[PDB]
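Worksheet: the structure to be examined is printed underneath.
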Amino acid sequence: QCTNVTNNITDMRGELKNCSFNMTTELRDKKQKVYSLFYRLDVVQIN
Amino acid sequence: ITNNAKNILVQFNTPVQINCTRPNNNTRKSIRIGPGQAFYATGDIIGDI
Amino acid sequence: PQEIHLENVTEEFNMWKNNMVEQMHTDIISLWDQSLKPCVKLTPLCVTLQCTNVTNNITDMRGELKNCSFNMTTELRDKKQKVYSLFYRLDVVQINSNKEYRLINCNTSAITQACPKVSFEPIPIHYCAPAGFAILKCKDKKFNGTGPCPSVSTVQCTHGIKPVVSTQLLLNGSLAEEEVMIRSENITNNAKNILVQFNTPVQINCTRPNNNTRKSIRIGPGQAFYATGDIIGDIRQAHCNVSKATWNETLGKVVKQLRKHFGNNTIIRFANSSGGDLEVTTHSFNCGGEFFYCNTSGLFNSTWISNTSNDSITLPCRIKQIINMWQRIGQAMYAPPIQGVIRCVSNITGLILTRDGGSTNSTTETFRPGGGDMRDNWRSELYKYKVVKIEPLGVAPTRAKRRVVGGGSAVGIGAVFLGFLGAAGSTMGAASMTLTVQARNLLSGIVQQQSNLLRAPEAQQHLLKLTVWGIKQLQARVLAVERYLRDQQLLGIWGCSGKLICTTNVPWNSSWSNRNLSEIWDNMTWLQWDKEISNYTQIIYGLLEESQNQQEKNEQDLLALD
Amino acid sequence: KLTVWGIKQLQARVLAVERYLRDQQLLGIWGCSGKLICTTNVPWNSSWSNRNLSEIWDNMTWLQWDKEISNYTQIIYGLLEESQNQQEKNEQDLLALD
Amino acid sequence: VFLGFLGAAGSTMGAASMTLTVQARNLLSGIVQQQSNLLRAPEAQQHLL
Amino acid sequence: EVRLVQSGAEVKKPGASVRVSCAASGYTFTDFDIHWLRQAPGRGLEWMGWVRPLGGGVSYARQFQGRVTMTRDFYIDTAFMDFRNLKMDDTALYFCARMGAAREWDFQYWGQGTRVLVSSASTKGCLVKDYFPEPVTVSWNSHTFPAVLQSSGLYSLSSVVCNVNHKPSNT
Amino acid sequence: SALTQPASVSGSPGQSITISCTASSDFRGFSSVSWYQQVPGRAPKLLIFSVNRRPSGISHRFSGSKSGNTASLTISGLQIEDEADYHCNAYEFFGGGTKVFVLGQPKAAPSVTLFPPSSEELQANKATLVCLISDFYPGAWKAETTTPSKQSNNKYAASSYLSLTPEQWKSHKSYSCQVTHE
């Protein structure tokens, strides 16, 4: 679930995204919601 | 040289210097995702995009 | 096994730089990973545990044991199961009347369970050298760590060493002879450890009185995890019992020898472990499949100065199931439980001590036992060995000359042969009398089908493939061929192809040595001879290779040329 | 790489070299280095076989010959390796020794 | 005037036949400066490998 | 590119049991033992203890038995030294060093050092205002002389060529 | 200090001077020595790890040899960069340090600047006479000691203070200070 990185759009058409995902952790039953950054070329849209 | 399918390899006698940069000051964030396993993700970007 | 005693040979070796210890070390470490790789992995066991202390009357009994129920997977993916188990205190940590507990390695390293079938029992293994190499064995009873060994023999493979991982006390090791040895790289330097070897074995009895049980709960298809079940009988501590009369008597042998280095009348105290991980601090050893950890404070509290009940000593020993042998990072092993009561009885043959140091000198000396590294467990047995490669091309001057270019018998009962390399301490003339002895052994088995004859049985290495020793053998048999064919190729250019002794026409320069033929051949060993000519041995090999034998070819056929 | 036959080939080519160089090394001590047939001075004991030269070479295959001498083949290889060719070396150079 | 290894490949058959130990040295083992077999002697290079 | 990084300067009243960190970088930390050395202003270097990374083995000096304890952590390539029950005599600079590759008692790499002073003084503490502890920040309009140690322990100085900022006051 | 070191050494630039390292009569296995060049108040610098071997970053002018129970260090082509604190260690034992002195360097007159007590100073019933001794070389209340410190112009600067009474400062018409150098 990505949100475009903080930028002033003058076109800046940033490829960078800011995506939070439900990631696993050290324990099997537990999970965690962590975020990251990914360029436009690494991610595709899922309808 | 007459056949276009073969590529044309060139060799220079004088080197052409090239300067490349990634001006974005990214940061590394290691979030443990498994026992003994760690995934490295990009963090907050400091400075101008 | 064929062991050869060399006469008049004084070859010394350095125990601390000995390369044989590191090869075994990397050998055991590689061997462990090759056994745990095929076993099942407990990746799903890193789950929040809910533990309740095991049924016990608290008088303080401060039981380390826990009883933890966890939601474990099963054969089917959608289904789960709530199963319980038992874990010692050292295996679980608290994650912020049952509370949440977490396995110790989950935050640092993955874990994998040792196969139940493999046995951790040490068996003797001998290390031999490849064809074209030799191992020299010191037979000096009073042999110091580093220095000359007056009586040296040679052997193909060393007597097998039982690889026993022991932190504070060496176990089931080779006994010393007469007085106990105090081998150290530098007794004055405290950083180096002090290795000891006993002459009289000290028996030790260790047990785990808790009658545990094994519970196999299937956790994956074809995968089964083994957990501890209900404990039958009284909750007791694991203890080791050592007789005090014998330990007091042996300890009196070690303290007597130590005074030779530090003086006749000085305070020689023994102390406890001064710190470190649970490994170094306690006598970490394996027995029956589990891993004890014994506080040895009762063994090492004493004070000796100058001169002048019959009950055993008991040691409280902890037990842990999740361990990282050799302080490796990113790896961990879970030893499966051992059903029933187990007993251990071993022999104590050596200790690993340490100098205390400090600013004060000649006032008091205390020795603290420690187990910093596992390599010192191998130096305690590979001390009497050294690896050498034999070189069979020795040149020397003689008045004999090449058969002119224009020109073109005892049947046995040779006396007192010395065996392989037996003439290494005899004179150059006497040593030159036996040349087929070495030439037999340069290639193939030195004795009794030593190597090549052995690799003939089928499915030994095929099944082995590249696992472990399989790649060790190919590198040992290929290097043997490459060294043999190197000398033959050296002869092929030098002439003398089929001759053990050949004389070819080359002048011996007087600057290489000023000694006469008599003194050289009357009382010199080939070993001493190779030292003086070592500076010029390469040049001799260049003049003799072409000028001696290729000028002949260019002239020999010109002579018959049309 | 090491998959399948790859390790089968290395064990088959290394064992081939080790058996060839074993016979050449046996010759190197026995003399006869470049010779397919060499005769060296060693007495043939009559206890190894009581058959005459004719009957042995007239109608016998080398296979049947290796069977009878199999009991003594190791000893022959010990007398011929040093007494036959190393006594020569110790005497051959003494002969030219100063 | 020796030509080194394979140096007589462009010279006459008579001149090339004058140097035969040059090649025979190099057919096996290191051609020069401990080229191969002399090198594989250091320990744990290939064992670890 | 091998260098040891120590902790910062700290001040503590007797009995405070300070711990110091020594960061290792540029080499395989788990090989060489780490040594703690302390030097007084009017004394020579003094050896306190050595602790090796694999197994934590540590040997402590006779006079520091029961007073000091050293450990380490492989994941952070750092060795720690716990010095409990500190005394007025034990105030000096603390160095952590590594033995050279020659394996003899020689030190090829060191650290910048940490300043540990033990005294009894209030933490709160042109002409100077009583600014204890010693560090001050003099500036003209947004030649400086060293400070003097009085019997009370307060530090006084002078600056001639203000509003000097005080860390205890946080102006 | 199980061993001992010379208190002070002195020599002209370019002259070779030796340093010693004592040994006790109860020393055992004295077979190795390493010398260090410690900048006063900074991290030591290893000059020679072994008795004679020298690291790469150390100059060839530093040398060392051992004769019996005494270790000797000799410096050739002395420069001022070399001036620092030196220590010889045997195993864990160290020494008290060897002071170094380079001769010679021209002296300098102290730029003494004494300032009267401030207005706010005497208001708090506390008198403080401040005397600053700067730009003087070498580093050495009628009618509070501060050691001199180095400066960027290769000179030393110190100071001196005095806790006085305003009633005592107003009873006497004036005060002065004497700074005698060499």
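A few remarks follow.
We call the chains A, B, C, D, E, F and G, going by the order they appear; numbering starts again at 1 in every chain.
Assume a contact is a pair of C-beta atoms (placed from the backbone, for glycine too) under 8 Å apart; a residue touches a chain by one contact, two chains touch by 3 or more.
Set side by side, A-C and F-G show the greater C-beta contact count at F-G.
When chain centres are defined as mean Cα coordinates, D lies farthest from subunit G. Mean C-alpha positions place subunit D and subunit F at a centre distance of 79 Å.
Taking each chain's centre as the average of its CA atoms, subunit C and subunit E sit 39 Å apart. Here the CA centre of subunit D is 85 Å from the CA centre of subunit G. Distance between chain centres (mean CA atoms), subunit E to subunit G: 64 Å. The residues of subunit C that reach two or more other chains are 46, 106-108, 189-190, 357-359, 485, listed in rising order.
Annotation for subunit G: residues 91-93 touch two or more other chains.
In subunit F, 46-47, 61, 105 are the positions where the chain touches two or more neighbouring chains simultaneously.
Pairwise chain contacts in this structure: A-B, A-C, B-C, C-D, C-E, C-F, C-G, F-G. Residues 37, 39, 43-47, 61, 93, 95, 97, 100, 102, 104-108, 110-113, 127, 143, 145-148, 150, 156-158, 160 of subunit F are the ones touching subunit G in the complex. By the touch rule above, subunit A contacts subunit B in their complex via residues 5-7, 12, 14, 16, 23-26, 32, 34-38. If you check the complex, the residues on subunit C that touch subunit E are 19, 22-23, 26, 471-472, 475, 479, 482, 485-486, 489, 492-493, 545-546, 549-550, 553-554.
Against subunit G, in their complex, subunit C makes its touches with residues 186-190, 261-262, 357-359, 361-362.
Interface residues of subunit C facing subunit B in the complex, by the touch rule stated above, are 43, 46, 105-111, 330.
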